[PDB]
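As a plain string of letters, each chain reads:
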Amino acid sequence: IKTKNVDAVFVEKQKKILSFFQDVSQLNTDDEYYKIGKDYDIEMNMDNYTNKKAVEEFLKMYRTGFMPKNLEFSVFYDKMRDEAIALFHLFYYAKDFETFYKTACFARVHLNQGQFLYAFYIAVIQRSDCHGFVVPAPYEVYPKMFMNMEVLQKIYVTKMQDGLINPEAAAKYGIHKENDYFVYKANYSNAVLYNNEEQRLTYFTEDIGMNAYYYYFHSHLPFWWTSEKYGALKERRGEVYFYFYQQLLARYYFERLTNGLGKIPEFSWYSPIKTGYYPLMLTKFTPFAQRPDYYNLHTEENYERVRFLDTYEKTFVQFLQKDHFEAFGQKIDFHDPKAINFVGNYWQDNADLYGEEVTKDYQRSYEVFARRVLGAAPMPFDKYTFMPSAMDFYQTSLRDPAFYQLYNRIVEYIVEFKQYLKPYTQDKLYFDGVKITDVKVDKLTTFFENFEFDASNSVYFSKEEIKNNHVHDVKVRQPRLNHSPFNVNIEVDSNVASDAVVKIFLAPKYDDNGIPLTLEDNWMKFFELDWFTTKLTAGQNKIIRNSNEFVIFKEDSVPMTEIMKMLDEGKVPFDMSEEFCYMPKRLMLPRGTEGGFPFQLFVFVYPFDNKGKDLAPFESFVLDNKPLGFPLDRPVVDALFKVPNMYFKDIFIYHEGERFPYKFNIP
Amino acid sequence: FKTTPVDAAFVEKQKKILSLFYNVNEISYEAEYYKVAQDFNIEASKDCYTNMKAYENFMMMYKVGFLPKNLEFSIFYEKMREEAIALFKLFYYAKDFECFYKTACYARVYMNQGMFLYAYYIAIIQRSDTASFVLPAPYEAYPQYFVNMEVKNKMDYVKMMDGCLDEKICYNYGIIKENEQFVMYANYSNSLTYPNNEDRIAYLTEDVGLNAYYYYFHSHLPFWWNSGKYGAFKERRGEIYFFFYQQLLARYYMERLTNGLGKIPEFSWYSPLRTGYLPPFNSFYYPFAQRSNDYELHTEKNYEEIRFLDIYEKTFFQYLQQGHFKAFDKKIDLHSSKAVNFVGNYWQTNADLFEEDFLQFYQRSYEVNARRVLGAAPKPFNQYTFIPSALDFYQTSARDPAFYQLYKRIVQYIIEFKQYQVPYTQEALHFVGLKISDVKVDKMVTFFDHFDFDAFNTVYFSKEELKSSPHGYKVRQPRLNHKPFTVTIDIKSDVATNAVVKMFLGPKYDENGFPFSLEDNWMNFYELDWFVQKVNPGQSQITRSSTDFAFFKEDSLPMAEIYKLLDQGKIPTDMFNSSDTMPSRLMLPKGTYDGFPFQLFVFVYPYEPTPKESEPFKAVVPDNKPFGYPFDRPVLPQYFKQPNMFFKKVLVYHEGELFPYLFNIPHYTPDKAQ
Ligand SMILES: *[C@@H]1O[C@H](CO)[C@@H](O[C@@H]2O[C@H](CO)[C@@H](O[C@@H]3O[C@H](CO[C@H]4O[C@H](CO)[C@@H](O)[C@H](O)[C@@H]4O)[C@@H](O)[C@H](O[C@H]4O[C@H](CO)[C@@H](O)[C@H](O)[C@@H]4O)[C@@H]3O)[C@H](O)[C@H]2NC(C)=O)[C@H](O)[C@H]1NC(C)=O
Ligand SMILES: *[C@@H]1O[C@H](CO)[C@@H](O[C@@H]2O[C@H](CO)[C@@H](O[C@@H]3O[C@H](CO[C@H]4O[C@H](CO)[C@@H](O)[C@H](O)[C@@H]4O)[C@@H](O)[C@H](O[C@H]4O[C@H](CO)[C@@H](O)[C@H](O)[C@@H]4O)[C@@H]3O)[C@H](O)[C@H]2NC(C)=O)[C@H](O)[C@H]1NC(C)=O
Ligand code: NA
Ligand code: NA
Ligand code: NA
């Protein structure tokens, strides 16, 4: 739908990129990438990389040996990570497109496909020549990680059988051929297993968009890499960390509310953890590890891990006990809101915490080991051989209740810091002579709709079938949440011509007992929907803002084949070219109820720095230096806070149509 | 390599039996079984069965519906049990082989794969006309339970690529073409499946024959089936139960010994089970349930079952404390002969423990509940869909260490009762005018051997391919094995008599390097062999070859080789006479280069025949003597110094490589035993 135009030169480059996301598990020896790949000599091309040191390091490490082709790559393990990072450096410091391309061809040919794709996807994102380029949605690149094993197996069965043996029989199982695609209907995990109440939320926690979303978040801004590239953004890194989780968690909490599930559970490393996770997914070697209910974190195997983790926390508790201290070669003062940077970087243990370009093995990650122990897997066999859990991958992390429980813990500690900050005062927040006299919102209505994604990358083909470009294409379809578009009409009385910023937040109305929600202690349950600017004339004004224009969300990724068609028309998708790392639009609202679950909308209008000139979106945010999530980035005091340029509207989220996703999947 | 002749009527009937094990996971719309199934009108067939109540029962459950295809079937879940028992009764009461076969073709086509196989295997073993026919090995019928998921997966991929990407590359992943068929080399499991010392013995517990052996045990006498068929055996059923497990655990404890592992640990329902296991399997919907180390048995999900289990054992304690008590509508004394039988049936919750011809859904079973708690799965979704553990199948049970923990717990309880039995006196054991002067054994050597079987039944074929009854896909894995050896026995007799000669194998030392005393060692000996010799007065020497040992058998032949033998009017005679005994491969526990020390115990006593038992099992001594005599009960070790007894210290050596993996390395040629 929303597109953008592109010259034949961009087209050739884009198709070259996408060729690496096409048949990922296998090698076409006839194909151009293979000829290039097989014999390409990095050493002879040394002067075609910006950074000799990087390439040397790569050749060293590579001649030493990388991970093998049959294993499962995860970034959370040292040696694999380092291999990946070196490969990435290689892609990144390539002189030009051509060399980068030749470098990929090599790596595709010579290396573990998981490692390669991790590296490449990030390089494409992070390279400056490649800004403007497009990467396929992660569920197409790694489809095996966006579906339960039931479906995956059905796919393999159908392929072994070279088609359906009894079409009518297959239809009972949600399998049918549609033109030259085989289509699998896919149920969420709780259609087959309801082990605890968390399964109530599967349509969210398993939603291929939510998971892809987290995968983008990491890809844009990996914990091991410095934010150097982004210049000024670097000094805000910590801020972005906290914001991302605090937002995600708020959105998650909304889902919880509408399923009658309340606040996110706390755990202790010295105690068993009540909430299990039974992953219904596997790998060519092993199944993902399961965590039974009341799994005891404190066993022989974890004793040392727990020590480390306990210390990592106690250390931050000590920071909170002083207000000003020296850590990691910086001098920190918790009265300073800019210290959020340090705090965010502390918890993520990222490159910017130290002054470095990449993290080092001895700089041990709290998140890595939290994930590792929460994951409940047995100890890895060797460095390349471990039992995967959902927290070994960004594609799968959102699937485990424990994920939210972990980041909840971290975020909470970060707000323990936020308490140091002076609450915004009356006269910091006032917009003199402007008043929001009314807010009116359209119908807020959620629903489910079937969605298909191309899952072909999961299918293995034959020597003979590959040269024949024989087609066995696979689509997986499942109900995914969506909502109807809606308008927010804001009526404001500006005394005077002024330029304003309008901000829109969604928040809960009551807690799960009907206690109405007070800002004083519920400010962090506010989810930001929109940020925009408006000319405000004297007298009466009215802004109309449509949920499609909301800046914080994106449209669904277009499939590769569709992107591929658009390229022949000098076209490319807009949203995928620029706006990929945002939350998908359909998920903005939690699942409402047939009778209208109560939330509230917080509209806030405040003075914009004129510019004296015309305005464009991206730099317009950077010109006003308000902290992310303003004015709800720190504790509020209700009475000191409320003001005429604020408005709170009680709203109701309805749901229409079929309420349970499995009803779509009925034979 | 031994056979038995067979005529054309047999061959044709046999082939019919085997035809239903082809591509079990699918249907050949062109097969003969499919035409028979289509032609068979189940509602109009009341006249095919000798028991109309059983037919009516089936047709009733059938009118409401059975377990759908593609779900996992397990005998341990109530509704599925009723359905499977019902199907079995139809198989069993079919009046004729032609009626049996039509019914089997029907179920083959229209019923759940696992259910059908389950009942068909059993029916064949059980039916009068059909016994004496051969069955494919459990691992060739159910490859999915005998093949770890690394290989199973490689097989999926190979079939999807219709061969190999590039032949050299998958030589490196252990995949070979050999005679137009595929061979995948298979290793035993990591510590990511056995995450503790238990891994040391994966080569035993994952061993396909061992597992087959347990499945055959179940299938020969299902807990849910009364003993009516075996008449006077009914009296000895509980006694088998003890003997089977006692015996199996002995064999298992010997493996522990040579791997420095020591005594199978105790556990409690109120505490955590130390020793976890991650089954390398997945069903249609679910990966198998994992039990991590230090898994808490006592939690909300398991509370009510633990209450059940605890009282179940404690009431056995009350029965021991009283000695005479009215229980299960019998008045039972534990000094009685009938006691041993009772005890056994009590622990297994047999159909025999009650009134029952066929077990009532509502009679709660300690084994059933034990396996649910130790399996560590989430609670079943509905009653046709549960999350499988290794403890859900007899094919997979011997893989989970918790299995040996459970049954050792049972065996100890019965040994606790065995205090009530009267220890054998001196003249009781003393064979008058008969002495063993010497015993002599050949060198006892274990070693490893690759072994093949076709796993095609877990691989999927195209509409076209199925027409040929396709079976390309083989698993080659190193399995334990030993060289043949002979025992020679030197005897001096006053008189001509008939004697039974029994010889057992058991441990020599503690984990502390101390000699085991017999009072503590008797349960640790397993029977190798028994036979009857006419014994002449004067001095004689009896020789016995490991080849002729009563308790062990040759490997099964693949179904392909069975057919190739029928084509020339033969059958593999072990698959014929004795499919239900331990493979001879596993006769000796893995030795060492040192020689590992064990005792061979040789025992000669007077042969006093009784009318032949009609046997569900291992033909045992045609004696009024117990199973596993004279080790069927606690001993007084004085009474075991008799002249017709001989304890001989024996050392088991090993040859070639010490670990199975060294055999599945691409481009490494292993040290093979000679
Ligand atoms: C996503 O997940 C959902 C929920 O788990 C699955 O939905 C189930 O689908 C199965 C079919 O695969 C349904 O079970 C079958 O459907 C029929 C049930 O009929 C209902 O209504 C009749 C009255 O007409 C009642 O008698 C009955 O109580 C039911 O409520 C039956 O017609 C089916 O019978 C057929 O199969 C059986 C064996 O299963 C045979 O014995 C019969 O001859 C016959 O062929 C069967 O019972 C089940 O009802 C659904 N569950 C729910 C809650 O609705 C989806 O399948 C799944 N999607 C995917 C892709 O997996
Ligand atoms: C059953 O399990 C066993 C035990 O784990 C497996 O055995 C391992 O198998 C792999 C082969 O799959 C072995 O790996 C190979 O090692 C060879 C020996 O290398 C020595 O010399 C090299 C230099 O040549 C040194 O680097 C090394 O340190 C040793 O000193 C290598 O020659 C092989 O070369 C391959 O390397 C790369 C991958 O990095 C490939 O891309 C190349 O093309 C080439 O094939 C290879 O790395 C390993 O030694 C075995 N382990 C043990 C403990 O013995 C069995 O494979 C397994 N069987 C099955 C069916 O699963
Ligand atoms: Na928490
Ligand atoms: Na279950
Ligand atoms: Na054990």
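Residues numbered from 1 in each chain as written, not as in the entry; some residues may be left out. Chains lettered and ligands numbered in written order. Part of a larger assembly, values for the part shown. Heavy atoms only, no water.

For this coordinate set, the PDB header names X-ray crystallography as the determination method and states a resolution of 2.90 Å.

As recorded in the PDB entry, chain B goes by Silkworm storage protein and comes from Bombyx mori. For this structure, the PDB header gives the title as "SP2-SP3 - a complex of two storage proteins from Bombyx mori hemolymph". Its UniProt record, at the heading Subcellular location (unreviewed entry), says of chain B: "Secreted". (UniProt positions renumbered as here; feature names shortened; annotations may be inferred.)

Within the PDB entry, the label attached to chain A reads Arylphorin, and the organism entered is Bombyx mori. What UniProt records for chain A under Sequence similarities (unreviewed entry) is the sentence "Belongs to the hemocyanin family." Looking at the Subcellular location (unreviewed entry) heading of the UniProt record, one finds this comment for chain A: "Secreted".

Colleague: How do you make sense of the domain arrangement of chain B when you look at a structure like this?
Modeller: Frequently, the measure chosen for interface size is the accessible area that the parts lose on association. Residue and element names in this part refer to chain B. Looking at chain B, the domain boundaries give domain 1 (1-187 + 450-479 + 556-569), domain 2 (188-420) and domain 3 (421-449 + 480-555 + 570-674). Placing a centre on the C-alpha atoms of domain 1 and another on those of domain 3 gives a separation of 36 Å. In this complex, domain 1 contributes 27 residues to the contact, which on the side of domain 3 involves 22 residues. Summed over both partners, the interface of domain 1 with domain 3 buries about 2500 Å², with 56% contributed by carbon and sulfur atoms. On the domain 1 side of the interface with domain 3, the three residues burying the most area are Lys-2, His-450 and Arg-479, jointly 30% of the side's total. Between the two partners, domain 1 and domain 3, sit two salt bridges. Where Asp-574 meets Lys-2, a salt bridge forms, and the shortest distance between an N and an O atom there is 2.9 Å. Linking domain 1 with domain 3 are 15 residue pairs in polar contact. (Domains from an automatic or database assignment. Contact = heavy atoms within 4.5 Å. Buried area = accessible area lost by both parts, 1.4 Å probe. Salt bridge = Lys/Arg side-chain N within 4 Å of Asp/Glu carboxyl O. Polar contact = N/O pair within 3.5 Å; in protein donor to acceptor, adjacent residues only side chain to side chain.)

Colleague: Mind showing me how you'd approach unusual backbone geometry here?
Modeller: A negative phi angle is the norm for most residues apart from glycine, just as the trans form is the norm for most peptide bonds. For the bond from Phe-630 of chain A to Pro-631 of chain A, the omega torsion is 0 degrees, close enough to zero to count as cis. Among the secondary structure elements, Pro-631 of chain A is positioned in the loop between α22 (617-623) and α23 (638-641). Look at the link from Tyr-629 of chain B to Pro-630 of chain B: it is a cis peptide, with omega at 0 degrees. Positionally, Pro-630 of chain B belongs in the loop between β18 (596-606) and β19 (645-654). For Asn-469 of chain A, which is not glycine, the phi torsion reads 35 degrees and is therefore positive. (Helix = DSSP H or I, 4+ residues; strand = E, 2+ residues; numbered from the N terminus.)

Colleague: What's the story with the nonpolar core in this structure? I'm lost.
Modeller: If you look at soluble globular proteins, the nonpolar side chains tend to sit buried side by side. Core analysis: the largest hydrophobic core is formed by 242 residues, its most contacted members being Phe-91, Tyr-120, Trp-224, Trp-269 and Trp-347 of chain B. By residue number, the principal contributor to this core is helix α13 (residues 237-258) of chain B, which donates 13 residues. Ignoring any residue separated from it by four or fewer positions in sequence, one finds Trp-347 of chain B in contact with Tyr-241, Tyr-312, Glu-313, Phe-316, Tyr-366, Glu-367, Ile-410, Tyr-413 and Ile-414 of chain B. If you look at the next biggest cluster of nonpolar residues, it comprises 241 residues, including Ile-42, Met-160, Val-439 and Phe-451 of chain A. (Core = buried A, V, L, I, M, F, W, Y, C linked by side-chain atoms within 4.5 Å. Buried < 20%, exposed > 50% of the residue type's maximum accessible area, 1.4 Å probe, protein only.)

Colleague: Is there a simple way to explain the pattern of salt bridges in this structure?
Modeller: The final tally for this structure, using the stated rule, is 69 salt bridges over all chains. As a salt-bridge pair, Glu-198 of chain A and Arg-256 of chain A come within 2.8 Å of each other at their nearest N and O atoms. Of this pair, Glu-198 of chain A sits in the loop between β3 (181-185) and α10 (202-205) while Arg-256 of chain A sits in helix α12 (residues 237-258); the two residues are 58 residues apart in sequence, bridging distant segments of the chain. In this structure, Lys-467 of chain B and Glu-464 of chain B form a salt bridge, with 2.9 Å as the shortest nitrogen-oxygen distance.

Colleague: Quick question: what am I supposed to make of the packing of helix α14 (residues 340-348) of chain A against helix α16 (residues 401-418) of chain A here?
Modeller: Relative placement of two packed helices is described by the angle separating their axes and the distance separating the axes. Residue and element names in this part refer to chain A. Their axes nearest at 11 Å, the elements α14 and α16 cross at an angle of 155 degrees. One finds that α14 runs roughly antiparallel with respect to α16. The chirality of how α14 crosses α16 is right-handed. On the side of α14, the interface is formed by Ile-340, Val-343 and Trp-347, while α16 contributes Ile-410, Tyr-413, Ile-414, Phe-417 and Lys-418. (Axes fitted to C-alpha atoms, helices over the stretch in contact; angles between N-to-C directions. Parallel < 35°, antiparallel > 145°, perpendicular 65-115°, else oblique. Left-handed = near helix turned anticlockwise from the far one by under 90°.)

Colleague: I tried to follow the sheet that holds strand β14 (residues 539-546) of chain A on my own but got confused; where do I start?
Modeller: What holds strands together in a sheet is hydrogen bonding between their backbones, with the strands either parallel or antiparallel. Residues and elements named next belong to chain A. With respect to topology, three strands assemble into an open sheet ordered β8-β11-β14, the strand pairing being antiparallel. In this open sheet, the two edge strands, each paired with only one partner strand, are β8 (436-441) and β14. On average, adjacent strands in this sheet sit at an angle of 15 degrees to one another, irrespective of strand direction. (Pairing = 2+ DSSP bridges.)

Colleague: Can you walk me through the interface of chain B and chain A in this structure?
Modeller: Contact residues are listed per partner, giving 44 residues for chain B and 54 residues for chain A. Of the roughly 4200 Å² buried between chain B and chain A on both sides combined, carbon and sulfur atoms contribute 64%. Interface area lost by chain B to chain A is led by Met-160, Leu-192 and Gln-290 of chain B, which between them contribute 19%. On the surface where chain B and chain A come into contact, there are zero salt bridges. Linking chain B to chain A there are 17 residue pairs in polar contact. With seven residues, helix α9 (residues 149-160) of chain B is the largest single contributor of residues to the side of chain B that touches chain A. The residue inventory of the side of chain B that touches chain A, partitioned by class, reads 23 nonpolar, eleven polar and ten charged. (Nonpolar A, V, L, I, M, F, W, Y, C, P; charged D, E, K, R; others polar.)

Colleague: Would you mind showing me how to read the state of the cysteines here?
Modeller: In a disulfide, the sulfur atoms of two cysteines are held together by a covalent bond. Residue and element names in this part refer to chain B. Overall, the coordinates contain two disulfides over all chains when judged by the stated rule. Note on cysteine connectivity: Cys-48 is disulfide-linked to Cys-99, with sulfurs 2.1 Å apart. Residues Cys-48 and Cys-99 are joined through a disulfide that is left-handed, its torsion about the S-S bond being -65 degrees. Taken as a pair, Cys-48 in the loop between α2 (32-39) and α3 (52-64) and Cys-99 in helix α5 (residues 97-110) lie far apart in primary sequence, 51 residues in all. Summarising the burial analysis for this pair, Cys-48 and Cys-99 share the class buried. The side chain of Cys-164 participates in a disulfide bridge whose partner is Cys-170; the two sulfur atoms lie 2.0 Å from each other. (Disulfide = S-S within 2.5 Å.)

Colleague: What is the right way to look at the domain arrangement of chain A in this model?
Modeller: All names here are of chain A. Here chain A is described as being made up of domain 1 (1-187 + 450-480 + 557-570), domain 2 (188-420) and domain 3 (421-449 + 481-556 + 571-667). Distance from the C-alpha centre of domain 1 to the C-alpha centre of domain 2: 27 Å. Between domain 1 and domain 2, the residue contacts involve 52 residues of the former and 45 residues of the latter. Buried area between domain 1 and domain 2, summed over both chains or domains, comes out near 4400 Å², and the portion from carbon and sulfur atoms is 61%. Contact with domain 2 buries surface across domain 1, with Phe-76, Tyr-77 and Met-145 losing the most and accounting together for 18% of the total. Taken together, the connections running from domain 1 to domain 2 amount to one salt bridge.

Colleague: Explain the packing of aromatic side chains here, please?
Modeller: Two aromatic rings, taken as a pair, are described by how far apart their centres are and by the angle between their planes. According to the stated counting rule, one finds 200 aromatic pairs over all chains in the structure shown. Lying across the ring of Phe-451 of chain A, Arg-480 of chain A places its NZ or CZ 4.6 Å from the centre. The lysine or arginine in question, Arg-479 of chain B, covers the ring of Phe-451 of chain B, its NZ or CZ lying 4.4 Å from the ring centre. (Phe/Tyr/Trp six-rings, centres within 6.5 Å; stacked < 30°, edge-to-face > 60°. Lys NZ or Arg CZ within 6 Å of the ring centre and 35° of its normal.)

Colleague: Just to check I follow, could you spell out the environment of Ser-45 of chain B for this structure?
Modeller: Residue and element names in this part refer to chain B. Looking at the element boundaries, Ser-45 is found in the loop between α2 and α3. Here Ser-45 falls in the buried class, since its relative accessible area comes to 9%. Here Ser-45 is in contact with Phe-40 and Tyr-55, once residues within four sequence places are set aside. At 2.9 Å, the side chain of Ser-45 and the backbone oxygen of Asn-41 are in polar contact.

Colleague: I would appreciate a short explanation of the coordination of the sodium ion (ligand 5) in the present structure.
Modeller: Angles at a metal have ideal values that depend on geometry: 109.5 degrees with four tetrahedral donors, 90 or 180 degrees with six octahedral donors. Only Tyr-252 of chain B (OH) and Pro-401 of chain B (O) from the protein coordinate the sodium ion (ligand 5), and they sit 3.0 to 3.1 Å from it. Taken as a pair, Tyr-252 of chain B in helix α13 and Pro-401 of chain B in helix α17 (residues 401-417) lie far apart in primary sequence, 149 residues in all. (Donors = N, O, S within 2.8 Å, 3.2 Å for Na, K, Ca; no water.)

Colleague: Would you mind going over the site of ligand 2 with me for this structure?
Modeller: Residue and element names in this part refer to chain B. With respect to spatial proximity, the complete set of residues near ligand 2 consists of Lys-154, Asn-172, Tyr-185, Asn-187, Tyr-661, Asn-664, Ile-665 and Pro-666. Within the side chain of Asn-187, an N or O atom sits 2.3 Å from an oxygen atom of ligand 2. A distance of 2.8 Å separates a nitrogen atom of ligand 2 from a polar backbone atom of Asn-664. Compared with its free state, where it exposes 1100 Å², ligand 2 has 30% of that area covered by protein. Residues of the shell around ligand 2, tallied by class, amount to four nonpolar, three polar and one charged. Residue contributions to the shell around ligand 2 reach at least three from each of two domains, namely domain 1 (1-187 + 450-479 + 556-569) and domain 3 (421-449 + 480-555 + 570-674). (Near = heavy atom within 4 Å. Areas by Shrake-Rupley, 256 points an atom, 1.4 Å probe, with all protein chains shown as cover.)

Colleague: Looking at this structure, I do not really get the sheet that holds strand β12 (residues 497-507) of chain B. What am I missing?
Modeller: Residues and elements named next belong to chain B. Pairing in this open sheet of eight strands is mixed, and the strands run β2-β3-β10-β9-β19-β18-β12-β13 from one edge to the other. Every other strand in the sheet has two partners, leaving β2 (175-178) and β13 (526-535) as the edge strands with one partner each. For this sheet, the mean inter-axis angle between neighbouring strands, taken without regard to orientation, is 35 degrees. Sheet topology note: the strand β3 (residues 181-185)/strand β10 (residues 473-482) ladder contains four bridges and is parallel. Looking at β10, one finds that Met-184 is bridged to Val-475. Helix-sheet contacts for α13 involve β10, β12, β13 and β18, and the interaxial angle to β13 is about 115 degrees.

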